[PDB]
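Report on the structure given below.
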Amino acid sequence: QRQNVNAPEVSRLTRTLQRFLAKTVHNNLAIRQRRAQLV
Amino acid sequence: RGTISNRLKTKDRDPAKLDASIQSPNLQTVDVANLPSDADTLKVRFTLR
Amino acid sequence: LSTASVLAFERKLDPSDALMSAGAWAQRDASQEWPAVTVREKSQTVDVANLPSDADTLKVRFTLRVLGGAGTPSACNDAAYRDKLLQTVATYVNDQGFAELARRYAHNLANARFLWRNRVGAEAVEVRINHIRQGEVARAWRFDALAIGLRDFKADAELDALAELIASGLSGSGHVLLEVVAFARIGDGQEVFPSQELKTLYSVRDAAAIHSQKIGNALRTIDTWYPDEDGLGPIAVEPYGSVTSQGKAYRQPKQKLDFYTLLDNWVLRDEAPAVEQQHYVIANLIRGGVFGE
Amino acid sequence: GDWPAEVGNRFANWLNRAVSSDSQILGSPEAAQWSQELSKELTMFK
RNA sequence: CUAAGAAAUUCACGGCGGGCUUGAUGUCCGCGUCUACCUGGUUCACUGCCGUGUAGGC
């Protein structure tokens with residue numbers, strides 16, 4: 001901090017969405033429920 | 001217990017599951033109102049001021 | 001130019017819940033005081049609906065309204081698509097009216113296919129259809145349901161008369177309500193098969209019954225124009241014509257014979273064959289549904 | 001009305017290029033689905 | 001090969017006392033939510049000439 005001059009859960013959601021649509025278990029309603037949940 | 005009878009949101013290639021598969025049913029619960037089997041006319045009653 | 005975002009077709013051939021009642025054969029004439037079969041429970045635990053031990057005959061009964069004006073949708077979003085759909089169904093009935101579809105509906109009411117599981121082990125089935133004009137019987141039929149096949153469509157005088165009456169109701173020239181009552185010889189104390197709920201059988205007022213949508217599914221099995229090998233027979237007219245109990249889906253959209261591709265070719269760019277797929281798409285909109293974007 | 005459909009489109013393009021597993025292509029209809037999802041939730045403000 | 005190299009702060013305390021926030025108010029008007037669906041691919045069941053004797057019976 002100066003008056004003169006000076007100077008990640010979204011990534012967790014994206015990573016678990018990618019790791020979720022990587023694998024498939026019987027491709028049922030709960031998969032689309034979790035996809036709608038993550039989006 | 002119906003069938004999937006609607007427009008499909010995408011083509012045969014679907015990575016992230018949007019639409020249901022056609023070779024699969026769908027379960028719903030609906031509200032229905034019928035007359036009794038011995039009563040064959042409906043009476044609708046309301047007031048109008 | 002395009003299809004509407006919302007499109008809703010209301011149900012034609014409106015059935016009721018088929019009330020079931022036991023009785024004896026050769027007493028079908030005075031079959032008004034017949035006691036309705038009820039659901040009992042037994043040993044986790046399940047439900048079961050049999051007949052009384054002094055009754056060898058099941059009798060189901062349901063009232064079927066037919067509406068007419070099947071090509072008029074109840075909901076749209078643009079007037080041009082409704083005008084084009086009305087023009088296509090109008091030129092359909094102006095090329096040929098409801099003569100094949102009404103004959104196949106009269107067949108599916110003639111052979112008791114609304115007896116879903118109770119038909120397949122029945123010694124003799126008789127269907128009685130009474131056209132209720134005001135409150136009384138105007139025209140009464142008496143159909144041998146087993147002599148008329150399930151996969152072949154015969155020709156008969158009384159069946160073509162019923163086809164003409166259902167055709168007159170489907171075109172809009174008359175109000176048609178039919179009391180349909182089916183007597184099936186199953187046996188003393190045999191088991192009936194009502195529609196199962198979400199094992200709990202469905203009942204209304206201490207009386208086991210079949211659902212209205214199961215009866216509406218059974219008299220709708222008229223689809224014989226689809227690229228299957230010969231041996232399946234008639235299926236019910238669903239869009240993407242499915243048998244979910246068999247896990248198969250005939251007219252899947254990679255083949256160009258589903259309801260939606262035939263509709264958007266037969267309406268938006270005027271493309272369907274002569275007799276077969278036009279009858280399929282007209283029977284599918286007779287069933288009704290939700291279509292759109 | 002210029003912003004919501006375009007924001008949903010470019011958000012779904014970001015989610016397309018960000019989420020692409022061994023099922024490699026994600027595609028344009030999924031992009032339109034997530035685009036209209038965010039577009040409804042952005043026009044819900046007024 | 002470091003303005004290098006080193007460094008014991010250490011002890012204690014009485015913040016006390018008192019208090020009127022007051023009054024008053026007109027949310028007020030409309031509404032079409034529709035549409036179609038097979039819970040079925042399952043109830044490993046009462047017995048008994050039975051063998052309780054893991055095969056044996058309608």
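Residue names in the structure tokens use chain letters A, B, ... in the order shown, residue numbers from 1 in each chain, and ligand numbers from 1 in the order shown.
Residues of chain A having any atom within 7 Å of chain D, counting only C-alpha atoms, are residues 14, 18 and 22 of chain A.
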Writing out the chosen residues with N, CA, C and O atoms as a short mmCIF file (atom, residue, chain, number, x, y, z; two decimals), in the first residue's frame:
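After the write, out-v1.cif holds the following:
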```
data_model
loop_
_atom_site.label_atom_id
_atom_site.label_comp_id
_atom_site.auth_asym_id
_atom_site.auth_seq_id
_atom_site.Cartn_x
_atom_site.Cartn_y
_atom_site.Cartn_z
N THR A 14 -13.91 -25.61 -12.06
CA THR A 14 -13.56 -26.02 -13.42
C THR A 14 -12.83 -27.36 -13.44
O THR A 14 -13.11 -28.22 -14.28
N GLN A 18 -14.22 -30.78 -15.19
CA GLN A 18 -13.45 -31.53 -16.19
C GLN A 18 -13.21 -32.97 -15.75
O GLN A 18 -13.40 -33.90 -16.53
N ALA A 22 -14.83 -36.26 -17.49
CA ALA A 22 -13.85 -37.22 -18.00
C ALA A 22 -14.36 -38.65 -17.87
O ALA A 22 -14.27 -39.43 -18.83
#
```
Report task. Please provide as a list in words all residues within 9 Å of residue 39 in chain A, with the sequence filter that same-chain residues fewer than 3 positions apart are discarded (counting only C-alpha atoms (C1' of nucleotides)). Result -> residues 13, 14, 17, 34, 35 and 36 of chain A; 34 of chain D
Please produce a file of those selected residues containing N, CA and C atoms, as a tab-separated table (two decimals), in the first residue's frame.
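Below is the file that was written, out05.tsv:
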```tsv
chain	number	residue	atom	x	y	z
A	13	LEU	N	-13.87	-25.44	-9.23
A	13	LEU	CA	-15.09	-25.81	-9.93
A	13	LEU	C	-14.81	-26.30	-11.35
A	14	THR	N	-13.91	-25.61	-12.06
A	14	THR	CA	-13.56	-26.02	-13.42
A	14	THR	C	-12.83	-27.36	-13.44
A	17	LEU	N	-15.30	-30.07	-12.69
A	17	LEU	CA	-16.18	-30.27	-13.84
A	17	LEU	C	-15.49	-31.08	-14.92
A	34	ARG	N	-25.42	-33.20	-11.41
A	34	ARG	CA	-24.14	-32.65	-10.96
A	34	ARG	C	-23.54	-31.68	-11.97
A	35	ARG	N	-23.79	-31.90	-13.27
A	35	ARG	CA	-23.33	-30.96	-14.28
A	35	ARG	C	-24.07	-29.63	-14.18
A	36	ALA	N	-25.39	-29.68	-13.98
A	36	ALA	CA	-26.16	-28.47	-13.76
A	36	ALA	C	-25.77	-27.80	-12.45
D	34	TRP	N	-25.11	-23.15	-22.48
D	34	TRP	CA	-24.59	-22.39	-21.35
D	34	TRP	C	-24.69	-20.89	-21.58
```
Report task. Quote the spacing between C1' of residue 40 in chain E and CA of residue 35 in chain B in Å to one decimal place. Result ->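 One can read the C1' of residue 40 in chain E to CA of residue 35 in chain B distance as 28.0 Å.
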**Report entry** For residue 286 in chain C: contacts at 7 Å, only C-alpha atoms (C1' of nucleotides), fewer than 5 positions along chain excluded, given as a PyMOL selection string
**Finding:** chain C and resi 11-12+70
**Report entry** Polymer residues at most 12 Å from residue 251 in chain C, only C-alpha atoms (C1' of nucleotides), same-chain spacing of 2 or more positions, as a ChimeraX atom specification
**Finding:** /B:5,22-23 /C:223-228,235,237-243,248-249,253-262,277,280
Write a file of the just-selected residues containing N, CA, C and O atoms, as a short mmCIF file (atom, residue, chain, number, x, y, z; two decimals), in the first residue's frame.
```cif
data_model
loop_
_atom_site.label_atom_id
_atom_site.label_comp_id
_atom_site.auth_asym_id
_atom_site.auth_seq_id
_atom_site.Cartn_x
_atom_site.Cartn_y
_atom_site.Cartn_z
N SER B 5 -39.62 -37.71 -25.61
CA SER B 5 -40.20 -37.25 -26.87
C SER B 5 -40.16 -35.73 -26.87
O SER B 5 -41.15 -35.06 -26.55
N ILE B 22 -32.51 -41.54 -25.81
CA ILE B 22 -33.83 -41.96 -26.28
C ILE B 22 -34.14 -43.37 -25.82
O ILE B 22 -35.30 -43.70 -25.53
N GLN B 23 -33.13 -44.22 -25.68
CA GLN B 23 -33.33 -45.58 -25.21
C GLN B 23 -33.38 -45.63 -23.69
O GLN B 23 -32.67 -46.44 -23.07
N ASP C 223 -48.34 -47.92 -35.75
CA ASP C 223 -47.19 -47.58 -36.59
C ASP C 223 -46.61 -48.84 -37.21
O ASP C 223 -45.98 -49.64 -36.52
N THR C 224 -46.81 -49.00 -38.52
CA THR C 224 -46.24 -50.12 -39.25
C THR C 224 -45.35 -49.67 -40.40
O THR C 224 -45.01 -50.48 -41.27
N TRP C 225 -44.96 -48.39 -40.44
CA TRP C 225 -44.20 -47.83 -41.55
C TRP C 225 -42.88 -47.28 -41.00
O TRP C 225 -42.75 -46.08 -40.78
N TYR C 226 -41.90 -48.16 -40.84
CA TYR C 226 -40.64 -47.82 -40.19
C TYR C 226 -39.61 -48.85 -40.63
O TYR C 226 -39.99 -49.95 -41.03
N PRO C 227 -38.28 -48.52 -40.61
CA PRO C 227 -37.33 -49.34 -41.37
C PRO C 227 -36.89 -50.64 -40.70
O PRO C 227 -35.84 -51.18 -41.05
N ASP C 228 -37.66 -51.12 -39.73
CA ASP C 228 -37.37 -52.39 -39.07
C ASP C 228 -37.44 -53.57 -40.03
O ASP C 228 -38.06 -53.50 -41.10
N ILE C 235 -46.10 -50.64 -33.58
CA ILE C 235 -45.69 -50.00 -32.34
C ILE C 235 -46.51 -48.73 -32.15
O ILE C 235 -47.20 -48.28 -33.06
N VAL C 237 -47.15 -44.71 -31.63
CA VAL C 237 -46.60 -43.56 -32.36
C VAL C 237 -46.05 -42.56 -31.35
O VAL C 237 -46.69 -41.59 -30.96
N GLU C 238 -44.80 -42.79 -30.94
CA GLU C 238 -44.11 -41.73 -30.24
C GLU C 238 -43.11 -41.08 -31.18
O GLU C 238 -42.63 -41.73 -32.11
N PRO C 239 -42.82 -39.79 -31.01
CA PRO C 239 -41.68 -39.21 -31.71
C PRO C 239 -40.41 -39.85 -31.20
O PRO C 239 -40.27 -40.08 -29.99
N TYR C 240 -39.49 -40.15 -32.12
CA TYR C 240 -38.36 -41.05 -31.91
C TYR C 240 -38.86 -42.39 -31.35
O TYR C 240 -38.65 -42.71 -30.18
N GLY C 241 -39.55 -43.13 -32.22
CA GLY C 241 -40.44 -44.21 -31.81
C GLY C 241 -39.81 -45.30 -30.98
O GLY C 241 -39.13 -46.19 -31.48
N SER C 242 -40.08 -45.24 -29.68
CA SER C 242 -39.27 -45.89 -28.68
C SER C 242 -40.00 -47.07 -28.07
O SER C 242 -41.23 -47.10 -27.99
N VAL C 243 -39.21 -48.06 -27.66
CA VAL C 243 -39.67 -49.11 -26.75
C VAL C 243 -38.68 -49.15 -25.59
O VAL C 243 -37.64 -49.81 -25.63
N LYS C 248 -34.73 -50.19 -27.00
CA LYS C 248 -34.45 -49.82 -28.38
C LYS C 248 -35.27 -48.60 -28.78
O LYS C 248 -36.30 -48.29 -28.17
N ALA C 249 -34.81 -47.91 -29.82
CA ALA C 249 -35.46 -46.68 -30.28
C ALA C 249 -35.48 -46.71 -31.81
O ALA C 249 -34.51 -46.30 -32.46
N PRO C 253 -32.91 -40.43 -34.81
CA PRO C 253 -32.77 -39.30 -35.75
C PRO C 253 -31.58 -39.36 -36.70
O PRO C 253 -31.47 -38.47 -37.55
N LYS C 254 -30.70 -40.36 -36.60
CA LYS C 254 -29.70 -40.52 -37.66
C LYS C 254 -30.33 -41.08 -38.93
O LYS C 254 -29.93 -40.69 -40.03
N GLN C 255 -31.29 -41.98 -38.80
CA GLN C 255 -32.18 -42.30 -39.91
C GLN C 255 -33.23 -41.20 -40.02
O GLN C 255 -33.71 -40.67 -39.01
N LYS C 256 -33.58 -40.84 -41.25
CA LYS C 256 -34.49 -39.72 -41.48
C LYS C 256 -35.94 -40.20 -41.58
O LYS C 256 -36.63 -40.01 -42.58
N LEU C 257 -36.39 -40.82 -40.49
CA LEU C 257 -37.77 -41.29 -40.43
C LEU C 257 -38.41 -41.03 -39.06
O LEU C 257 -39.41 -41.66 -38.73
N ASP C 258 -37.86 -40.11 -38.27
CA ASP C 258 -38.47 -39.75 -37.01
C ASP C 258 -39.62 -38.77 -37.25
O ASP C 258 -39.90 -38.37 -38.38
N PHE C 259 -40.29 -38.38 -36.17
CA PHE C 259 -41.43 -37.48 -36.29
C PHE C 259 -40.97 -36.06 -36.62
O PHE C 259 -41.63 -35.36 -37.40
N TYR C 260 -39.85 -35.63 -36.04
CA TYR C 260 -39.46 -34.23 -36.18
C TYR C 260 -38.87 -33.93 -37.55
O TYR C 260 -39.18 -32.88 -38.13
N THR C 261 -38.04 -34.82 -38.09
CA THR C 261 -37.50 -34.58 -39.43
C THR C 261 -38.58 -34.71 -40.49
O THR C 261 -38.62 -33.92 -41.44
N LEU C 262 -39.49 -35.68 -40.33
CA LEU C 262 -40.61 -35.80 -41.26
C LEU C 262 -41.57 -34.63 -41.15
O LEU C 262 -42.19 -34.24 -42.15
N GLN C 277 -45.64 -42.25 -44.25
CA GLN C 277 -45.11 -41.35 -43.24
C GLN C 277 -46.04 -40.17 -42.97
O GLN C 277 -45.98 -39.59 -41.88
N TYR C 280 -48.14 -41.61 -40.34
CA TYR C 280 -47.38 -41.63 -39.08
C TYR C 280 -47.34 -40.26 -38.42
O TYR C 280 -47.59 -40.14 -37.21
#
```
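Any residue of chain B with an atom no more than 8 Å from chain D counts as a contact; using only C-alpha atoms, that gives residues 9, 10, 14, 15, 16 and 18 of chain B.
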Query raised in the report: Quick one: DSSP helix (DSSP H, G or I) residues in chain A, as a list in words?
Result: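 Of chain A, only residues 9, 10, 11, 12, 13, 14, 15, 16, 17, 18, 19, 20, 21, 22, 29, 30, 31, 32, 33, 34, 35, 36, 37 and 38 of chain A fall in helix (DSSP H, G or I).
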**Report entry** Neighbours of chain C in chain B at 10 Å, counting only C-alpha atoms, as a PyMOL selection string
**Finding:** chain B and resi 1-9+11-12+21-29+34-37+40
Query raised in the report: For chain E against chain B, which residues fall within 7 Å using only C-alpha atoms (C1' of nucleotides), given as a PyMOL selection string?
Result: chain E and resi 37-39
Requested write-out: N, CA and C atoms (P, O5', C5', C4', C3', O3' and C1' of nucleotides) of the selected residues, as a PDB file, in the first residue's frame:
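Okay, selection02.pdb is ready:
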```pdb
ATOM      1  P     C E  37     -51.377 -38.669 -23.115  1.00  0.00           P
ATOM      2  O5'   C E  37     -50.053 -39.453 -23.490  1.00  0.00           O
ATOM      3  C5'   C E  37     -49.610 -40.542 -22.704  1.00  0.00           C
ATOM      4  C4'   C E  37     -48.113 -40.645 -22.724  1.00  0.00           C
ATOM      5  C3'   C E  37     -47.529 -41.653 -21.751  1.00  0.00           C
ATOM      6  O3'   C E  37     -46.378 -42.253 -22.331  1.00  0.00           O
ATOM      7  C1'   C E  37     -46.723 -39.496 -21.226  1.00  0.00           C
ATOM      8  P     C E  38     -46.560 -43.560 -23.242  1.00  0.00           P
ATOM      9  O5'   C E  38     -47.304 -44.573 -22.272  1.00  0.00           O
ATOM     10  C5'   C E  38     -46.807 -44.780 -20.959  1.00  0.00           C
ATOM     11  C4'   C E  38     -47.534 -45.872 -20.235  1.00  0.00           C
ATOM     12  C3'   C E  38     -46.841 -46.338 -18.963  1.00  0.00           C
ATOM     13  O3'   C E  38     -47.810 -46.797 -18.016  1.00  0.00           O
ATOM     14  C1'   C E  38     -46.912 -48.115 -20.513  1.00  0.00           C
ATOM     15  P     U E  39     -47.919 -46.139 -16.552  1.00  0.00           P
ATOM     16  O5'   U E  39     -47.145 -47.165 -15.609  1.00  0.00           O
ATOM     17  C5'   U E  39     -45.836 -46.893 -15.117  1.00  0.00           C
ATOM     18  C4'   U E  39     -44.976 -48.132 -15.139  1.00  0.00           C
ATOM     19  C3'   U E  39     -45.477 -49.285 -14.269  1.00  0.00           C
ATOM     20  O3'   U E  39     -45.235 -50.527 -14.920  1.00  0.00           O
ATOM     21  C1'   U E  39     -43.279 -48.742 -13.655  1.00  0.00           C
TER      22        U E  39
END
```
**Report entry** Point-to-point distance in Å for CA of residue 183 in chain C and CA of residue 58 in chain C
**Finding:**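 That distance, rounded to one decimal, is 5.7 Å.
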Report summary line: Separating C1' of residue 36 in chain E from CA of residue 17 in chain B, to the nearest tenth of an Å, is a gap of 23.8 Å
Report task. Determine the nearest neighbour of chain E from the options C:173, C:87, C:38, C:200, counting only C-alpha atoms (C1' of nucleotides). Result -> C:200
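Summary of the local environment: counting only C-alpha atoms (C1' of nucleotides), residues at most 7 Å from residue 13 in chain D, other than itself and those fewer than 4 positions away along its chain, are residues 9, 17 and 31 of chain D.
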Requested in this report: Excluding range 103-112 of chain C and any residue of its chain fewer than 2 positions from it, enumerate the residues within 10 Å of it, using only C-alpha atoms (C1' of nucleotides), and give them as a PyMOL selection string.
Outcome: chain C and resi 13+98-101+114-116+118-119+125-129+141-155+158-167+180-184+218-223+283
